[PDB]
Every structure is written in C-alpha cells, then in structure tokens.
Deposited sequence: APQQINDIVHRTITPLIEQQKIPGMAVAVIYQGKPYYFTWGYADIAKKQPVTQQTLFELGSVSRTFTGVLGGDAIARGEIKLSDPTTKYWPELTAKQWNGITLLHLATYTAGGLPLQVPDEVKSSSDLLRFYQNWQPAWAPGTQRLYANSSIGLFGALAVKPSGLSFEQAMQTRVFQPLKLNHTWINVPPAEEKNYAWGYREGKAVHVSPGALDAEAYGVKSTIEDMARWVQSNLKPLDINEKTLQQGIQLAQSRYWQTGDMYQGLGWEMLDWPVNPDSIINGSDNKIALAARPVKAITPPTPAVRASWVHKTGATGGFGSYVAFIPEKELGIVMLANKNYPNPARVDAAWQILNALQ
C-alpha cells in the first residue's frame, strides 16, 4: 500500500487489536477505487492458523446488505414490489394484524415490532407460519423501527418466492456470481473449511448455529477480498453490467425512513456526509420513531453508508462514501464493541479523504 494508507491503518488497528484483545483481523481499504489489504493474528488459535486474505469470517447482520440487494434485484426484475402486502407472497398468513404490513415494512424493521430473534424452537415451515401468525405487533405499521432478524429475514424469504429459486440459489446466481464473489458462502463447502476462521466468545472457539431464516438475516461468510469487491460494487453500481443488479444496489441505498440523523435502506443504513463518529453511534432492544421519506430519496453519493454485524464469535463492519470513492471493511473473530469499530473506521476514512 501507499505509505499514507499503510500508516493510518496500522496506527489505528494495532491499538484496537490490543485494547479489544482481538485474536485475528482482516482489513480492506478501498481508496480511489482500488483495494488494499491488511491481516493480523489468528483464524484458529489452537491450530495456529493465521488470518490471510483468504480467511472466511462470519458477517452476522452485514449479511443483510446482501439480502437487501437481492431484494432490490427482485424489485427491478418486476418479481416483487415493496408496496405489496406481505400476504401477497404468503397467503397462508391470514391473521388480521398482517393487514397493511408491506414488504417495505419487513425490509426496514418497521412492521410494528417483530421480535429481534426467531425463537430457537421455530425450525420448520409450519413452525415459522405459526410464529408469524401468533405475533402481536406493539405498534401500527410504519411508525417505529425495531432492528430485528425476524423482519429482514422474512423479507429475504418472501422476496425470492416468485423466482422459483431457493434463497441460497437466488443469492448465488443473481448476486455472488455476477459480482465474482467466489469465496462468499451461505453454507461453507467442505473444500473451504480450511479457510473458515473460528469465532471466539469468552475464549471459546465458536461458529454460528443453524436457525430459522439464518441465511436471510445473518448467515453469510466471506473473505476480506470478496468483501472489498462487495464495497466496490456498492460504491459504483452503475458500472455493473447486469441491469437489474445495478438497480438492486441503487434501491438498497435509497432512503426510506429517518431516525435522528440515520436513514434506513434495504440492509444498508446511511447518514449524510460529512458526519462525526458520535453521530454515527450495547442496547438489546432500541425502539425508535421513524419518519417516512415520501418518496424515498435515491442513493445519495454524499453519504456515509454502513453496516455493523455480529455473531457470537465475530464482529464485522463495512462503511463507504460514494462521493469519495472510499471504503473500508473490518472483519474480526471476536464480537467487540460497535463504537470501537466505528471510531477506527472513521479515523481511517477521515484521514484519507
């Protein structure tokens, strides 16, 4: 890397790793459109395997950015509309509280307080129907935002129904393959297990457990190289050849709702740039009133676009600023505090613009 990039990255990440006791970390900086990679520490402490540019990390909720783009692509194809009732794609969902809950609401956590987690006991398609039928909203649709796996997860599942494909097949065919994300997985193949880092929680090596709607809400594993390519694709969508995918990316960065200084996209979240980390900023459940952006603002180039992600053993962060052709991916195999991620990312990106 140019020495400037080398120095801000190392001076920022070295202390972060020390303070947070992160076993292993990979960072990509995208600068004037080109990626620069950095790796530290261990993918597997016991087996002494280092983090490399080929190490797979669990993305946790950063997976939602893929879900939102896949949904965007289905809208662009004319397969779904965000204005469609949920029941159009799941007629079996007959309980009256679903009246007026649209795919938009599912995608943006505004359906009226869907649960943060799908219960462990919900496994099968029948279990899932029962779970959503029995759910009682606290609020009318489109009034409050409650970050929730069960909301965006359902959006992902329904968005692919008209395609005829499984969620994984749709993601692979329509997003991963066209963008050459060839080491990005919903299910890690045996051939790739050698690269799959362990997560560390309280010193114990852990991987994410199977759960209903996992693929859709939190189930992607990827390398720093593929994640850099994902950032490039989101920085410059109109340079993607596949037309509906280009559109899908743009739709995911549209601003649908405002909460304070933040705007909710499909998976992505955005703030106007410039912005300080204290505004970008441990809470299990955070209910916030939302203001509709009527109609949604198309992707604003002058944005800080980002997403944090966590699983039991991993902590990820992605942020980019389209107007500056600047971005960063930070992947770690410990779930360490979000403010520490945003602070480090801001320190690096602010130094480079």
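Student: Deposited sequence versus model: which ranges have no CA atoms?
Tutor: Seq positions lacking coordinates: 282-286, a single run.
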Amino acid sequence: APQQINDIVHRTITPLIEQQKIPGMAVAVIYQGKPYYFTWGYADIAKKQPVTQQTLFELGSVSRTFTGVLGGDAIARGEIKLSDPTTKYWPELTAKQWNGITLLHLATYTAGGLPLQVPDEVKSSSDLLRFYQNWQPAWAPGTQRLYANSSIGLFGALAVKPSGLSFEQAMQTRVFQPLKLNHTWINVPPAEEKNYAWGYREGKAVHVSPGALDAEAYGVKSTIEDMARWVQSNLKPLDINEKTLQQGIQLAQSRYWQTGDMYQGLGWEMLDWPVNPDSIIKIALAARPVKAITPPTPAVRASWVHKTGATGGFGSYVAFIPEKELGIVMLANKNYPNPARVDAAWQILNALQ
From here on, numbers count along this sequence of modelled residues.
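Student: Between 127-135 and 235-243, which has the larger average Cα B-factor in the PDB entry?
Tutor: It is 235-243.
Student: Compare the mean C-alpha B-factor of 34-42 with that of 57-65 as given in the PDB entry, and name the stretch with the higher value.
Tutor: Higher mean C-alpha B-factor: 34-42.
Student: Highest Cα temperature factor in the entry, among the options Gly156, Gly112, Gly265, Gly203: which one is it?
Tutor: In this record, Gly203 carries the highest C-alpha B-factor of the candidates.
Student: In terms of recorded Cα temperature factor, pick the maximum from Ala170, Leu93, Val188, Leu104.
Tutor: Among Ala170, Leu93, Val188, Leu104, the PDB entry lists the largest C-alpha B-factor for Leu93.
Student: What third of the chain, by the recorded C-alpha B-factor, contains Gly164?
Tutor: Its C-alpha B-factor, which the entry lists for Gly164, ranks in the highest third among residues of this chain.
Student: Going by the recorded CA B-factors, say which third of the chain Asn333 sits in, lowest, middle or highest.
Tutor: For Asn333, the deposited C-alpha B-factor lands in the lowest third.
Student: What third of its chain, lowest, middle or highest, does the C-alpha temperature factor of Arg288 fall into?
Tutor: CA B-factor rank for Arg288: middle third.
Student: Lowest, middle or highest third: where is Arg145 by C-alpha B factor in its chain?
Tutor: Tercile = lowest for this residue's CA B-factor.
Student: Lowest, middle or highest third: where is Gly312 by C-alpha B factor in its chain?
Tutor: It belongs to the middle third of the chain when residues are ordered by C-alpha B-factor.
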